């Protein structure tokens, strides 16, 4: 665990770290924001933020503008990378697959089975590292964008007792039924689509147990050029209304898929999570 950068922002501190990840079998870099006053005697809750295709930890920390409200609500923020990295990790030219595009699953197909275990990384390895080295409690929530939105809602659904709430921006709610997901699932999981269902939010919500329901918020711009071919938000809503799941999906008129969009409603999400984090 090595601190590679540190900067003050909104009374708090933004810091990047690197560490030899066991789940990804490679060096991983993640960013952490500690609100003002966070200490071993005053531990704070945590919001995990998963980014989308081609992103790293820096995109959100630099363009979301989440610090102001996070400092105010006393919420720490951990932003992990989107995949394993390095010349010893497989990769291909496409931006929508392999490095920079882990889809937060545990690849079973070789050669991706070795390092592409972003699921275990985000769900087990990182949280353990965070709670052991930072002034934070075990109370946590999760959110993300696009591929990361898919990750947040999917991970929440699969770990109902470990997250108090979940949200997402422009999420890929039904990977099984979109090019990005089909490609990602085929390469990482194989052609047996029955193994895909365990990583699809729509499939997961449908089989969800009422007692494990948890507060969910989703923001989506109706000017998102990926709205119909990859995102398909209505697919999740339909399932949510079948299960009476506590999901709130809001279309924001005129907004797109960029961080200008994320920054426009990140505060709504922080307030949303704060309610359950505390």
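Numbering follows the first chain given and starts at 1.
Colleague: Mean CA B-factor: is it higher for 160 to 168 or for 77 to 85?
Modeller: Of 77 to 85 and 160 to 168, the stretch with the higher C-alpha B-factor average is 160 to 168.
Colleague: Hey, which bit's got the bigger mean C-alpha B factor in the entry, 219 to 227 or 50 to 58?
Modeller: Comparing 219 to 227 with 50 to 58, the higher average CA B-factor belongs to 219 to 227.
Colleague: Among the candidates 203, 145, 140, 115, give the one with the maximum CA B-factor reported in the record.
Modeller: That would be 203.
Colleague: In terms of recorded Cα temperature factor, pick the maximum from 134, 185, 119, 95.
Modeller: Among 134, 185, 119, 95, the PDB entry lists the largest C-alpha B-factor for 95.
Colleague: Once the chain's modelled residues are ordered by C-alpha B factor and cut into thirds, is residue 99 in the lowest, middle or highest one?
Modeller: As the PDB entry reports it, the C-alpha B-factor of residue 99 lands in the lowest third of its chain.
Colleague: If you rank every modelled residue in this chain by C-alpha B factor, which third holds residue 16: lowest, middle or highest?
Modeller: Answer is lowest: the recorded C-alpha B-factor places it there.
Colleague: Quick check on the deposited entry: does the C-alpha B-factor of residue 173 sit in the lowest, middle or highest third of its chain?
Modeller: CA B-factor rank for residue 173: middle third.
Colleague: Of the three thirds of its chain by CA temperature factor, lowest, middle or highest, which one includes residue 90?
Modeller: Lowest third.
Colleague: Check where residue 197 lands among this chain's C-alpha B-factors and tell me if it's the lowest, middle or highest third.
Modeller: It falls in the top third of the chain.
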